[PDB]
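Pasted below: coords-v2.cif, mmCIF, C-alpha atoms.
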```
data_start
#
loop_
_atom_site.label_atom_id
_atom_site.label_comp_id
_atom_site.auth_asym_id
_atom_site.auth_seq_id
_atom_site.Cartn_x
_atom_site.Cartn_y
_atom_site.Cartn_z
CA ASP A 398 5.00 22.08 12.15
CA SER A 399 1.52 22.30 13.66
CA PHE A 400 -1.68 20.75 12.28
CA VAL A 401 -4.57 18.43 13.23
CA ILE A 402 -5.42 15.44 10.92
CA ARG A 403 -7.78 12.43 10.96
CA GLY A 404 -6.29 9.39 12.76
CA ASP A 405 -6.16 7.37 9.53
CA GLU A 406 -4.23 10.20 7.77
CA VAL A 407 -1.45 10.02 10.42
CA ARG A 408 0.28 7.28 8.39
CA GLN A 409 0.18 9.49 5.27
CA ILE A 410 2.15 12.29 6.99
CA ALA A 411 5.52 10.56 6.71
CA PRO A 412 8.46 10.73 4.27
CA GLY A 413 7.82 8.76 1.09
CA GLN A 414 4.15 8.22 1.95
CA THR A 415 1.46 9.10 -0.58
CA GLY A 416 -2.09 10.02 0.44
CA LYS A 417 -4.68 12.71 -0.18
CA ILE A 418 -3.59 14.67 2.94
CA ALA A 419 0.09 14.26 1.93
CA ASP A 420 -0.48 15.23 -1.71
CA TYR A 421 -2.66 18.31 -1.28
CA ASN A 422 -1.93 19.65 2.23
CA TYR A 423 1.37 18.78 3.98
CA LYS A 424 4.27 17.07 2.20
CA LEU A 425 7.27 15.52 3.96
CA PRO A 426 10.54 15.17 2.01
CA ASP A 427 12.30 11.82 2.18
CA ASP A 428 15.74 13.35 2.91
CA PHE A 429 14.98 15.47 6.04
CA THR A 430 15.88 14.07 9.46
CA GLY A 431 13.25 14.75 12.09
CA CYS A 432 10.79 13.45 14.67
CA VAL A 433 7.07 13.24 13.83
CA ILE A 434 4.93 13.48 16.99
CA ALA A 435 1.20 12.68 17.01
CA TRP A 436 -1.22 12.45 19.96
CA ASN A 437 -4.99 11.93 20.21
CA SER A 438 -7.14 15.08 20.57
CA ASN A 439 -10.70 13.56 20.55
CA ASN A 440 -11.74 15.47 23.73
CA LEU A 441 -11.40 19.17 22.68
CA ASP A 442 -11.16 19.20 18.84
CA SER A 443 -14.18 16.90 18.23
CA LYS A 444 -17.61 18.52 18.90
CA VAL A 445 -21.28 17.74 18.01
CA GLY A 446 -22.12 18.77 14.40
CA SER B 943 49.31 -22.51 -36.12
CA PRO B 944 52.35 -20.19 -35.96
CA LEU B 945 50.26 -17.13 -35.03
CA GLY B 946 48.62 -18.90 -32.08
CA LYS B 947 50.21 -16.69 -29.39
CA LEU B 948 48.87 -13.54 -31.08
CA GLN B 949 45.49 -15.25 -31.49
CA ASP B 950 45.52 -16.19 -27.79
CA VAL B 951 46.05 -12.55 -26.78
CA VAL B 952 43.16 -11.48 -29.06
CA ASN B 953 40.92 -14.27 -27.70
CA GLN B 954 41.63 -13.43 -24.03
CA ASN B 955 40.81 -9.74 -24.56
CA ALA B 956 37.68 -10.57 -26.58
CA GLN B 957 36.49 -13.05 -23.93
CA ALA B 958 37.03 -10.52 -21.12
CA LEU B 959 35.11 -7.82 -23.02
CA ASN B 960 32.33 -10.32 -23.83
CA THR B 961 32.10 -11.25 -20.15
CA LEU B 962 31.75 -7.56 -19.24
CA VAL B 963 28.97 -7.15 -21.84
CA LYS B 964 27.23 -10.31 -20.55
CA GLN B 965 27.50 -9.06 -16.92
CA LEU B 966 25.01 -6.26 -17.71
CA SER B 967 22.26 -8.88 -18.19
CA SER B 968 22.82 -10.24 -14.64
CA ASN B 969 19.97 -9.44 -12.27
CA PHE B 970 22.28 -8.68 -9.26
CA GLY B 971 19.45 -9.32 -6.79
CA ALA B 972 17.42 -6.41 -8.21
CA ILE B 973 13.97 -6.79 -9.77
CA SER B 974 15.34 -6.24 -13.29
CA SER B 975 18.78 -5.87 -14.86
CA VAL B 976 17.49 -3.03 -17.07
CA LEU B 977 17.91 0.33 -15.33
CA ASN B 978 14.89 1.91 -17.02
CA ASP B 979 12.41 -0.84 -16.10
CA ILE B 980 13.29 -0.08 -12.45
CA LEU B 981 12.88 3.67 -13.04
CA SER B 982 9.54 3.18 -14.85
CA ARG B 983 8.05 0.82 -12.26
CA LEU B 984 9.21 2.39 -8.99
CA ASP B 985 9.39 5.82 -7.34
CA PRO B 986 13.00 7.13 -6.73
CA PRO B 987 13.49 5.83 -3.11
CA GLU B 988 12.20 2.34 -3.99
CA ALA B 989 14.06 2.51 -7.30
CA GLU B 990 17.17 3.66 -5.38
CA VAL B 991 17.36 0.39 -3.41
CA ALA C 348 -15.88 -15.43 -2.03
CA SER C 349 -14.51 -17.25 1.00
CA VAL C 350 -10.72 -17.19 1.39
CA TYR C 351 -10.30 -20.96 0.86
CA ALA C 352 -12.39 -20.85 -2.35
CA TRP C 353 -11.01 -17.48 -3.45
CA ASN C 354 -12.40 -16.06 -6.69
CA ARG C 355 -9.98 -15.45 -9.57
CA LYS C 356 -10.85 -13.09 -12.43
CA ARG C 357 -8.69 -12.61 -15.51
CA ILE C 358 -8.89 -9.04 -16.81
CA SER C 359 -7.42 -8.35 -20.26
CA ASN C 360 -7.73 -6.30 -23.49
CA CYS C 361 -8.70 -3.13 -21.64
CA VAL C 362 -7.54 0.21 -20.23
CA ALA C 363 -7.35 0.33 -16.42
CA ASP C 364 -7.24 3.50 -14.30
CA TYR C 365 -5.26 2.28 -11.29
CA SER C 366 -4.74 5.92 -10.25
CA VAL C 367 -8.48 6.55 -9.72
CA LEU C 368 -8.58 3.58 -7.30
CA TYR C 369 -5.58 4.94 -5.41
CA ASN C 370 -7.06 8.47 -5.43
CA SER C 371 -10.35 7.17 -3.99
CA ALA C 372 -8.49 6.14 -0.78
CA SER C 373 -11.37 4.05 0.56
CA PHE C 374 -8.94 1.18 1.20
CA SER C 375 -7.09 0.75 4.50
CA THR C 376 -4.33 -1.31 2.83
CA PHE C 377 -2.82 -0.59 -0.61
CA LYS C 378 0.56 -2.35 -0.66
CA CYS C 379 2.32 -2.80 -4.00
CA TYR C 380 5.30 -5.14 -4.45
CA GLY C 381 7.71 -4.73 -7.35
CA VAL C 382 5.71 -1.68 -8.44
CA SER C 383 4.39 1.57 -6.99
CA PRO C 384 0.70 2.65 -6.85
CA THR C 385 1.68 5.77 -8.75
CA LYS C 386 3.17 5.15 -12.27
CA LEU C 387 0.89 2.08 -12.69
CA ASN C 388 -0.91 3.89 -15.54
CA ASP C 389 2.34 4.25 -17.52
CA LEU C 390 3.07 0.52 -17.28
CA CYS C 391 1.47 -2.02 -19.62
CA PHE C 392 0.63 -5.51 -18.35
CA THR C 393 0.27 -8.73 -20.35
CA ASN C 394 -2.50 -10.01 -18.07
CA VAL C 395 -4.20 -8.94 -14.82
CA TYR C 396 -5.52 -11.36 -12.19
CA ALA C 397 -8.05 -10.06 -9.64
#
```
Show me this structure written as structure tokens.
Amino acid sequence: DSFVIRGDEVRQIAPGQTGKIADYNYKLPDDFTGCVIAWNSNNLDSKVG
Amino acid sequence: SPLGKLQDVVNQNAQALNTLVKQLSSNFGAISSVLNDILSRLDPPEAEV
Amino acid sequence: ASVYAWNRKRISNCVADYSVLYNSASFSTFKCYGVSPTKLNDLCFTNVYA
């Protein structure tokens, strides 16, 4: 599952975690067994304006 | 006085049933003995514990 | 107020939208014990201390 989120919203993208980004964009079920992998992308993604 | 043995059987069964009824009130480590209070106050994973 | 002289406010006889505060999401920490942030609206409370 591929997406880019704000560093604060990283906590929200977890099973049984409620947030704006979890509620209206990507939802993780509590039951599923998986690895969530997040790494910083400030260099390329972020740009002036 | 003669019917004491029969009365003793009735009393033992009544006491055991009363103990079972009383057991429901026991907290059992949980936040509340009542099942619905737990369901009303907590989401299903938290309630599940 | 300072932490040692922390301010206590009793809030009663009113309707509180806890959900709007949770929806706002301007708070780094929102930890609820014995309750969940969602379903707070359904629950009624005898008194609230802030």
(message) Suppose a student applies the PyMOL selection byres ((chain C) within 10 of (chain B)) to this structure; what residues should they get, written as a PyMOL selection string?
(response) chain C and resi 379-387+389-390
(request) To verify the selection step, state as a list in words which residues the PyMOL selection byres ((chain A) within 10 of (chain B)) yields on this input. (result)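 Evaluating the PyMOL selection byres ((chain A) within 10 of (chain B)) on this file yields residues 413, 427 and 428 of chain A.
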(message) Quick check on the file I pasted: which residues fall under the PyMOL selection byres ((chain A) within 10 of (chain C))? Write them as a ChimeraX atom specification.
(response) /A:405,415-417
(request) Mind checking which residues fall within 12 Å of residue 434 (chain A), counting all atoms listed in the file, ignoring those fewer than 6 positions away in the same chain, and posting them as a ChimeraX atom specification? (result) /A:398-401,407-408,410-411
(request) Quick one: pull the distance between CA of residue 352 (chain C) and CA of residue 396 (chain C), Å, one decimal. (result)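 Atom-to-atom, CA of residue 352 (chain C) to CA of residue 396 (chain C), that is 15.3 Å.
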Please return as a PDB file with C-alpha atoms, in the frame of the given file every residue within 12 Å of (-10.1, -8.7, -20.4), taking into account all atoms listed in the file and the file's own coordinates.
```pdb
ATOM      1  CA  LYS C 356     -10.850 -13.090 -12.430  1.00  0.00           C
ATOM      2  CA  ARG C 357      -8.690 -12.610 -15.510  1.00  0.00           C
ATOM      3  CA  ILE C 358      -8.890  -9.040 -16.810  1.00  0.00           C
ATOM      4  CA  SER C 359      -7.420  -8.350 -20.260  1.00  0.00           C
ATOM      5  CA  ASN C 360      -7.730  -6.300 -23.490  1.00  0.00           C
ATOM      6  CA  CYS C 361      -8.700  -3.130 -21.640  1.00  0.00           C
ATOM      7  CA  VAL C 362      -7.540   0.210 -20.230  1.00  0.00           C
ATOM      8  CA  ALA C 363      -7.350   0.330 -16.420  1.00  0.00           C
ATOM      9  CA  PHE C 392       0.630  -5.510 -18.350  1.00  0.00           C
ATOM     10  CA  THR C 393       0.270  -8.730 -20.350  1.00  0.00           C
ATOM     11  CA  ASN C 394      -2.500 -10.010 -18.070  1.00  0.00           C
ATOM     12  CA  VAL C 395      -4.200  -8.940 -14.820  1.00  0.00           C
ATOM     13  CA  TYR C 396      -5.520 -11.360 -12.190  1.00  0.00           C
ATOM     14  CA  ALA C 397      -8.050 -10.060  -9.640  1.00  0.00           C
TER      15      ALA C 397
END
```
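Between CA of residue 368 (chain C) and CA of residue 388 (chain C) lies a distance of 11.3 Å.
Going from CA of residue 990 (chain B) to CA of residue 373 (chain C) covers 29.2 Å.
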Mind working out the centre and edge lengths of an axis-aligned box for region 979-988 of chain B, all listed atoms inside, 5 Å added to each side, rounded to one decimal in Å and written as lines of an AutoDock Vina configuration file?
```
center_x = 10.8
center_y = 3.1
center_z = -9.6
size_x = 15.4
size_y = 18.0
size_z = 23.0
```
Please complete region 355-369 of chain C with N, CA and C atoms and give it back as a compact mmCIF listing (two decimals), keeping the file's coordinate frame.
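Saved to rebuild-v2.txt:
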```txt
# COMPACT_ATOMS: atom_id res chain seq x y z
N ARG C 355 -11.00 -15.98 -8.67
CA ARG C 355 -9.98 -15.45 -9.57
C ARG C 355 -10.65 -14.94 -10.84
N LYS C 356 -10.33 -13.71 -11.22
CA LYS C 356 -10.85 -13.09 -12.43
C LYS C 356 -9.68 -12.66 -13.30
N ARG C 357 -9.70 -13.07 -14.57
CA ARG C 357 -8.69 -12.61 -15.51
C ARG C 357 -9.24 -11.39 -16.23
N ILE C 358 -8.48 -10.30 -16.21
CA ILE C 358 -8.89 -9.04 -16.81
C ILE C 358 -7.88 -8.67 -17.89
N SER C 359 -8.33 -8.61 -19.15
CA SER C 359 -7.42 -8.35 -20.26
C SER C 359 -8.10 -7.48 -21.31
N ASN C 360 -7.31 -7.09 -22.32
CA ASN C 360 -7.73 -6.30 -23.49
C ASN C 360 -8.50 -5.03 -23.11
N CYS C 361 -8.00 -4.31 -22.12
CA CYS C 361 -8.70 -3.13 -21.64
C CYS C 361 -7.73 -2.10 -21.06
N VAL C 362 -8.26 -0.90 -20.84
CA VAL C 362 -7.54 0.21 -20.23
C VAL C 362 -8.00 0.36 -18.79
N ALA C 363 -7.05 0.30 -17.85
CA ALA C 363 -7.35 0.33 -16.42
C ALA C 363 -6.79 1.59 -15.77
N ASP C 364 -7.65 2.33 -15.08
CA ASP C 364 -7.24 3.50 -14.30
C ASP C 364 -6.93 3.07 -12.87
N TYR C 365 -5.69 2.62 -12.64
CA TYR C 365 -5.26 2.28 -11.29
C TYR C 365 -5.22 3.52 -10.40
N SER C 366 -4.86 4.66 -10.99
CA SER C 366 -4.74 5.92 -10.25
C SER C 366 -6.06 6.35 -9.62
N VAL C 367 -7.19 6.15 -10.31
CA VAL C 367 -8.48 6.55 -9.72
C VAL C 367 -8.77 5.72 -8.46
N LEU C 368 -8.43 4.42 -8.48
CA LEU C 368 -8.58 3.58 -7.30
C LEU C 368 -7.71 4.06 -6.16
N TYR C 369 -6.44 4.40 -6.46
CA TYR C 369 -5.58 4.94 -5.41
C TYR C 369 -6.06 6.30 -4.90
```
